[PDB]
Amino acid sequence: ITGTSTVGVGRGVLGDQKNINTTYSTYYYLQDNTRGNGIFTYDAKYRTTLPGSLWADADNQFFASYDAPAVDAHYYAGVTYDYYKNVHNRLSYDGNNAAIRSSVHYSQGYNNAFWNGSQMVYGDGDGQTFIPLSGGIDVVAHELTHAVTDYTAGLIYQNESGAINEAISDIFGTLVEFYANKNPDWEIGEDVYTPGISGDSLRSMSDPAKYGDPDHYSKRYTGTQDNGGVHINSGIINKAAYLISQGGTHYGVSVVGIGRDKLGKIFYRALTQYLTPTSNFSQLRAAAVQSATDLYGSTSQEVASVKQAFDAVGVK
């Protein structure tokens, strides 16, 4: 909408207070004009029609319980935009400052979030498996990263390419969580998963097997569930990424860590310069090796550690 940029205040899903960029035109809208061509947050009103209505508020204060998922979807989309711009010199998901749109209160009891090809969508959860999923910064950044992937490598959402697609979203979701520096970890979704169970998460990148996911290519899932295991086999690549950053010895193979920033640079370059829609795990290894070579040199520790990490997870 046309209006003037304003700053509201509210509380997110976890009860924390934050300032949000809004727009005033009769109402105050969840429309942030400070980033690209805007960040827009919509109310799906418990239905499945998308996007729903641009979020409107009478007073620019967002402290109602119903407001909380919208506050966090809006705010964390801003953080994710800032990460891509400041760290990778990428302007929104298309590189040309496309408007970023999210809908919250999608459906009833909906234990998921997704990019639908055009926008982000967040359920409220059922209160047992999830609380409203935009409360997780890693979740929001996971979703926006699907848009980045779709505009760049275009990894098809099945089998190995789809598991790479998933891992890219978990990697950058985690790197955004570290960028914001509030309780960062290498787990996925911990802030919104299972409110009645402390200390768990949906997936672990540091130890995928903690939640049943493979941590070595020999343990990959080969069936048809979950589009050929895209959220399962992502563990193999997540583990490789964790090892590149943090190091470790895994199935007897030792990896010298090079840190999160270099992990992000290598994978961002791989994603945007070398991967293709049908890349498999072996092709990802080659793209990461080439990317590290471009950035750090063929004889660098960074290249050596990329190779060790993929060896450690059984990807040649």
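We number the residues from 1 along the sequence you see.
Here 251 to 259 and 64 to 72 are compared by their mean Cα B-factor, and 251 to 259 comes out higher. Look at the mean CA B-factor for 300 to 308 and for 15 to 23 in the entry; the higher one is 300 to 308.
By the numbers in the PDB entry, the CA B factor is greatest at 109 among 154, 78, 109, 173. Listed residues 225, 145, 159, 102 were ranked by CA B-factor as deposited; 225 comes out on top. In this PDB entry, the Cα temperature factor of residue 274 sits in the top third of its chain's modelled residues, the highest group. Sorting the modelled residues of the chain by their CA temperature factor places residue 290 in the highest third.
Annotation for residue 115: C-alpha temperature factor in the lowest third relative to the rest of the modelled chain, per the entry. Ranked by Cα temperature factor within the chain, residue 183 sits in the highest third according to the deposited record. The deposited CA B-factor of residue 92 belongs to the lowest third of values across its chain.
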